[PDB]
Amino acid sequence: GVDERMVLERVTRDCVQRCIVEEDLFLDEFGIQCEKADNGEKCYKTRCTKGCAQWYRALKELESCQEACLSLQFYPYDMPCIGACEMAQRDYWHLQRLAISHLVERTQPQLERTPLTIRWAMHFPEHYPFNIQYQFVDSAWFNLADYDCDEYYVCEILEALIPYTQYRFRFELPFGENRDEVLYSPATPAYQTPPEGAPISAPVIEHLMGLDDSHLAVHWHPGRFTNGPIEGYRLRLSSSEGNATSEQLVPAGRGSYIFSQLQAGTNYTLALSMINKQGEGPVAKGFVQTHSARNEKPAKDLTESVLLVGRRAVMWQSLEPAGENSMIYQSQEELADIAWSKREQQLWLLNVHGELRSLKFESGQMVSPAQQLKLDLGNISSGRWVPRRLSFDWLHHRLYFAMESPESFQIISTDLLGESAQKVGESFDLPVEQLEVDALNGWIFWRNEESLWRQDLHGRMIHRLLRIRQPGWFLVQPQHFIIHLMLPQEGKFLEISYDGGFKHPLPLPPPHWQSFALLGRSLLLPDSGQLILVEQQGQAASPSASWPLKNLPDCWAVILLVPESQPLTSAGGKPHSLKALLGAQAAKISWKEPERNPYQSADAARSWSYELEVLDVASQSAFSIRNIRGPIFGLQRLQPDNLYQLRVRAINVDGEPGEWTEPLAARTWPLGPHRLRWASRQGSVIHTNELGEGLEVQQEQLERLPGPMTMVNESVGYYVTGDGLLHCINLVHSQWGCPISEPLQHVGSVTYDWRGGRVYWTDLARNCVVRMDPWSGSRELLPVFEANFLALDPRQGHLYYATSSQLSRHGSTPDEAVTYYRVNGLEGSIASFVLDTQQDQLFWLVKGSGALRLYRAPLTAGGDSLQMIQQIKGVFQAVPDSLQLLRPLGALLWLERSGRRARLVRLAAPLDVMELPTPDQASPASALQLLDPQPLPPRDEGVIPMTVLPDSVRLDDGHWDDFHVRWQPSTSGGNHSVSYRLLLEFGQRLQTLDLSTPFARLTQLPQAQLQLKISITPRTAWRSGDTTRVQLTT
Ligand SMILES: *[C@@H]1O[C@H](CO)[C@@H](O[C@@H]2O[C@H](CO)[C@@H](O)[C@H](O)[C@H]2NC(C)=O)[C@H](O)[C@H]1NC(C)=O
Ligand SMILES: *[C@@H]1O[C@H](CO)[C@@H](O)[C@H](O)[C@H]1NC(C)=O
Ligand SMILES: *[C@@H]1O[C@H](CO)[C@@H](O)[C@H](O)[C@H]1NC(C)=O
């Protein structure tokens, strides 16, 4: 069209103007040095204008730019023609990327449905390698492989997909090899795949735990791939030493089940699998033991006591065979509720008139008289909240109430002086008949006329546990997470967990009972004349023990005076996710808290302290540190380059230790100041240490999103800004030191060779590698194609390069071309690579589809092995050209794509991937680099080839068909191999040779009387020499 021809004329005009302006910028390999108006084939201008005449013939004919620019005079590669072809081709693809991007990103694909069919109604211009991608809804985008498509982009999906999943699709459109050229299509509606077959994912067990000696709880949420709607579950509990297995089919709505009637101290195996309409899925297994059998002490051996509470009396009775009965307090009015303390020994009373009286006691005797403690409600009350029920928080020392306003019923918390009222929960209409606080698990349970409830201590999670008509006395086990509730009208006795899902009736012995207590498996039951200890299956006519009562006709509450009624200790402690970051003399160790049960709220007791064990591995000596208040610790005064073994455990408020963590093995750095250099995305540079502390904000200010900076010498550095710009800063004195005035577009990475004294970068526009002298600014085009990242070995001069597909080595001759890795582009691309010189190794990162893989290879020409070191399966990936080698640690270091963390993999221990946090004044980071402690060595004079003398160029005597031109053999200081690039200028035609000999075996000369111009360019693998231009007549 007419829009296409303007793009072709603009790209061709910009290409010809680019060959005009850059005609003196590059030194050619043969030392050409044309004038500004010569118009001969040797020059930069004619070959570069040959590059801009064959860029559109190379796209339509679909030939490479190296295949299109194939000259017999310049063999094997013509650098200005190939370079002008690739900048003109990526200028064309950049203009076609901006020409279509609104119509690409505004029109949206539609799914129609037999195989799955995507319809994408785009009308592309006639002026003109698409990829279809998929993403799992509730990740990263993965490349789809099997698709058959029409030319109108109605695309049929032939890849077999996972059933009963949601899939969102898009069209990735790559304009040309450049990654930026890719334009993404908009998002699709999520598609339910039709379900078939068995499930392929196991259920995920969140909390599997033992409640007591005869109960065992499991909580789970379903796994990711279900392949149908859930019809139910299959739970199979099997003993390790036993022949009785219990199978239970639990339906789809339940995510918790509690096994009952088990055995004590038996370490159980639970099989958990999904059930759908088509089959049964895989089995997830977990290992737990039940608790030990609690001691059924006989009726002769009982040293505990009970509190027997009437309407008008509080009575103390010891549980001895000789029963001691004493009257603690007698009131002239009726009581409503009490509270009690085990360690403070305080016993608050609340009457029917709503006056709160406090009292203290020991051994059934009153040691402090009953003072009246009034409630200072303050701004919380709206007036006349007279109290009805009462309970006590034994951890936060709070009194929890339930009042009455004549209008509504409200639970508050107040202090032991009544000074701090906090309204908890919302108002409700039914009266509380019993109020209990679970202080250890952070719950409060109350019971009304029709039901039983559950709040936490701040009122956040309100749950109704049970609906039953007229419930009686309920008692709370905090250690076993079971509420035992008596039903007096129905005559049974019922056993409820804290979520309310597990209920179980128990045999109540027949008399009505209006209170109970639970001593072991036995049941303390009051009457009007006696208190009996019955073991839950026996009759009331034959108890295990009996205690007579005289002055208590009515007894609505029995409170057992044990410390297990009000515990301090959660009795389960296991710290997890132990991590450690290490320096030379110090370590930064972070773990997490022990995890919360489903029967524990956010107001639970989380008062654990920690003990960390540090084991020296080489000497087997352990020092143990204690009383760590928090989930982090910083170790100090360690030994450098030593392996340490680290375990941690939790110590509860009682001081009872928990179970040790599975050990982490980690090694300190070697001794020395090891300075890590950071660069923020704003452009600021700080210098930290091994641990990320000791920050020094440097004076230099870089450009936005910089890469790693390559030293040439101690003033001048070169870095690649992340839009593609290559910069140059003198850190010391800024008005001199840098040969380039402007930044350079379309540069991938940059390296420096210290021996040749040459800066190497990848020109992504020219698809080649540019070698540049930093003292002068003369550039040299090198025939290394499609390279993104470079490295050079200084011992022999091999250039190691990374394509997005391959990783290879460029030598002086093409016999030395060794390719180390190849990957398909749908599988992934190489993210960065590191050449190791001292141990003769290579490392590279491969950015996969949802994965990050790390590899290793030697530097031999015949490769011995190739080891995949470590794989990270996640959406978080690396910054490209950010892999660094830590040669003191023996480790690899890369920066993650978010820029707020970095990953370290040690070569001795690859499984432990250390996380190092980015410091706060450079907190979005784009570069991380370990500084070399030694300075850079200067330029070797033993790699510079000497100039061939102009009087030494002579012709040997021979015929006209076979001439021989010879010269003095150029050498260097170190005796390296010196090769020669040669130019023959006779008549109009030209002839170029590459030689490894100081003579030239010359043929195909036409005749005699020929004036013959000779150019000698000596070179080594690091650096080319000056050009010797003589004039010789045959
Ligand atoms: C670091 O290297 C730079 C070149 O990259 C050196 O600067 C050159 O030094 C001479 C001597 O004064 C100047 O006349 C040149 O103009 C500089 N070259 C360029 C290209 O600008 C510099 O000497 C080095 N610095 C140190 C401290 O060694
Ligand atoms: C429970 O039994 C399994 C073997 O079936 C064993 O691996 C596990 O350690 C046992 N748990 C204990 C002893 O706590
Ligand atoms: C190079 O060879 C010469 C001639 O034998 C010798 O004197 C010199 O030491 C050699 N230099 C090196 C660096 O090997």
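Residues numbered from 1 in each chain as written, not as in the entry; some residues may be left out. Chains lettered and ligands numbered in written order. Heavy atoms only, no water. Residues with missing side-chain atoms left out of burial classes, pairs and counts.

As documented in the archive entry, the model was determined using cryo-EM at 2.78 Å resolution.

As named in the PDB entry, the protein chain is Protein sevenless, taken from Drosophila melanogaster. Looking at the header, the entry is titled "Cryo-EM structure of Sevenless extracellular domain (monomer)".

### Thoughts on the overall build of the protein chain
Stated formally: By the criteria applied, helices consist of DSSP H or I runs no shorter than four residues and strands consist of E runs no shorter than two, each listed in order from the N terminus. Radius of gyration here is computed from C-alpha atoms only, and the compact-globule reference equals 2.2 Å multiplied by the residue count raised to the power 0.38.
Helices and strands together make up the secondary structure of the protein chain, namely five helices and 78 strands. Taking 2.2 N^0.38 as the reference for a compact globule, 1034 residues should give roughly 31 Å; the C-alpha atoms of the protein chain span a radius of gyration of 42 Å, well beyond that estimate. Taken along the three principal axes of its C-alpha coordinates, the protein chain extends 145 × 70 × 65 Å.

### Focus: the state of the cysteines
Inclusion rule: Note on disulfides: each one is a pair of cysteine sulfur atoms within 2.5 Å. Note on classification: 1.4 Å probe, protein chains only; a residue is buried when its accessible area is under 20% of the maximum for its type, exposed when over 50%, partly exposed between these limits.
On inspection of all chains with the given rule, the structure shows seven disulfides. A sulfur-sulfur separation of 2.0 Å characterises the disulfide bridge that pairs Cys-15 with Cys-52. Disulfide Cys-15-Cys-52: torsion about the S-S bond near -65 degrees, hence left-handed. With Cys-15 in helix α1 (residues 2-21) and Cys-52 in the loop between α2 (44-51) and α3 (57-60), the pair connects residues that are 37 residues apart, well separated along the chain. For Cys-15, a relative accessible area of 1% translates into the label buried. Relative accessible area serves as the criterion here: at 4%, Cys-52 is assigned to the buried category. Paired through a disulfide, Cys-149 and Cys-155 show a sulfur-sulfur distance of 2.0 Å. Judged by the sign of its S-S torsion, about 120 degrees, the cystine formed by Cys-149 and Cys-155 is right-handed.

### Things to note about the site of ligand 3
To keep it simple, the criterion reads: Whether a residue is near a molecule or strand depends on its heavy atoms: if one lies within 4 Å, it is near. As used in this structure description, the phrase polar contact means that two N or O atoms lie within 3.5 Å; if the pair is within protein, one of them must be able to donate a hydrogen and the other to accept it, and residues adjacent in sequence are counted only when both atoms belong to side chains. For the area figures, the Shrake-Rupley method with a 1.4 Å probe applies, and any residue is considered shielded solely by the protein chains shown.
Neighbouring ligand 3 are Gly-973, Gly-974 and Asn-975. Here an oxygen atom of ligand 3 sits 2.4 Å away from a polar atom, N or O, in the side chain of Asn-975. If ligand 3 stood free it would expose 360 Å²; the protein chains cover 21% of that surface.

### Details of the pairing of strand β19 (residues 325-330)
For clarity, the cut-off: Between any two strands, pairing holds if DSSP finds at least two bridges.
As paired strands, strand β18 (residues 313-318) and β19 are joined by five bridges and run antiparallel to one another. For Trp-316, the partnering residue across the bridge sits in β19 and is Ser-326. Connecting β18 to the antiparallel partner β19 that follows it, the hairpin turn spans six residues.

### Points about the site of ligand 1
For clarity, the cut-off: Each residue gets one label: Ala, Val, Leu, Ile, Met, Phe, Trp, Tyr, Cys and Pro are nonpolar, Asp, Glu, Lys and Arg are charged, and the others, such as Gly, are polar.
Residues in close proximity to ligand 1 include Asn-713, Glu-714, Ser-715, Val-716, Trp-736, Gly-737, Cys-738, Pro-739, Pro-774 and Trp-775, which together make up its full environment. Between ligand 1 and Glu-714, the relevant distance is 3.4 Å, taken from an oxygen atom to a side-chain nitrogen or oxygen of the residue. Between an oxygen atom of ligand 1 and a main-chain N or O atom of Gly-737, the distance comes to 3.3 Å. Coverage of ligand 1 by the protein amounts to 55% of the 590 Å² it exposes when considered alone. Here the residues of the shell around ligand 1 sort into six nonpolar, three polar and one charged.

### Side note on the domain arrangement of the protein chain
Which entries qualify depends on this criterion: An automatic or database domain assignment provides the domain bounds reported here. Any two residues whose heavy atoms approach within 4.5 Å at even a single point are treated as in contact.
Segmentation of the protein chain into domains returns domain 1 (2-100), domain 2 (107-192), domain 3 (204-289), domain 4 (579-596 + 604-667) and domain 5 (954-1033). The straight-line distance from the C-alpha centre of domain 1 to that of domain 2 is 35 Å. In this assembly, ten residues from domain 1 lie in contact with ten residues from domain 2. Taken together, the elements giving at least two residues each to the side of domain 1 that touches domain 2 come down to α3 and α5 (79-106). With seven residues, the top contributor of residues to the side of domain 1 that touches domain 2 is α5.

### Some thoughts on the packing of aromatic side chains
Which entries qualify depends on this criterion: Each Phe, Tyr or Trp ring (for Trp, its six-membered ring) is paired with any other whose centre lies within 6.5 Å, and the angle between the two planes then decides the class: stacked below 30 degrees, edge-to-face above 60, tilted in between. To sit over a ring, a charge needs its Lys NZ or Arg CZ within 6 Å of the ring centre and within 35 degrees of the ring normal.
One pass over the full model with this rule turns up 38 aromatic pairs. Taking 5.9 Å as the distance between ring centres and 45 degrees as the angle between the ring planes, the aromatic pair formed by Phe-124 and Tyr-153 counts as tilted. Among the aromatic residues, ring-to-ring pairing joins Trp-120, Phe-124, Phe-130, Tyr-147, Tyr-153 and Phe-171 into one connected group. The side chain of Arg-170 reaches across the aromatic face of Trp-141, ending 4.3 Å from its centre. Seen from the ring of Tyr-184, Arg-170 lies directly overhead, with NZ or CZ sitting 3.8 Å from the centre.

### Overview of the pairing of strand β75 (residues 990-995)
Pairing geometry for strand β74 (residues 979-985) and β75, over six bridges, is antiparallel. When the bridges of β75 are listed, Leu-982 appears paired with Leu-993. Between β74 and the antiparallel strand that follows it, β75, lie four residues; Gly-987 among them carries a positive phi value of about 75 degrees.

### Topic: the packing of α2 against α5
This is how the line gets drawn: To obtain each axis, a line is fitted to C-alpha atoms, and for helices this fit is confined to the stretch in contact; angles are then taken between N-to-C directions over 0 to 180 degrees. Comment on the angle field: the value is read as roughly parallel under 35 degrees, roughly antiparallel over 145, roughly perpendicular from 65 to 115, and oblique elsewhere. Take the far helix as the reference: if the near one is turned anticlockwise from it by less than a right angle, the crossing is left-handed, and if turned clockwise, right-handed.
Running from N to C, α2 and α5 cross one another at 40 degrees; their axes reach a closest spacing of 7 Å. As far as their axial angle goes, α5 and α2 are oblique. In this structure, α2 crosses over α5, and the sense of that crossing is right-handed. Packed against α2, whose contacting residues are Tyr-44, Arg-47, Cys-48, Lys-50 and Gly-51, the element α5 presents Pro-80, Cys-81, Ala-84 and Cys-85 at the interface. Here the residues of the contact of α2 with α5 sort into six nonpolar, one polar and two charged.

### Description of a negative patch on the surface
Note the cut-off: Exposure above 30% relative accessible area and no salt bridge define the residues that can form patches, which grow by joining like charges within 9 Å and nonpolar side chains of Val, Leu, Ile, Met, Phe, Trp and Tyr within 5 Å. Here, a salt bridge means any side-chain nitrogen of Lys or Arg that lies within 4 Å of a carboxyl oxygen of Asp or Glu. We treat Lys and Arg as the positive residues and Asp and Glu as the negative residues; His and chain ends play no part in the count. Charge positions are represented by NZ for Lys, CZ for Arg, CG for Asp and CD for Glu.
A grouping of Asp-148, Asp-150, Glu-151 and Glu-156 is seen on the molecular surface, where their side chains present a negatively charged patch. Within the secondary structure, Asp-150 sits in the loop between β5 (147-149) and β6 (154-157). Look at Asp-150 and you get partly exposed, because its relative accessible area is 43%.

### What to know about unusual backbone geometry
The step from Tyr-75 to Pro-76 runs through a cis peptide bond, and the omega angle for that step is 0 degrees. Tracing the chain through its elements places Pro-76 in the loop between α4 (65-68) and α5. With a phi close to 60 degrees, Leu-62 is a non-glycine residue in the positive phi region. With respect to the helices and strands, the residue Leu-62 is situated in the loop between α3 and α4. Non-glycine residue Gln-1004 carries a positive phi angle of around 60 degrees. Position of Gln-1004 among the secondary structure elements: in the loop between β76 (999-1002) and β77 (1011-1019).

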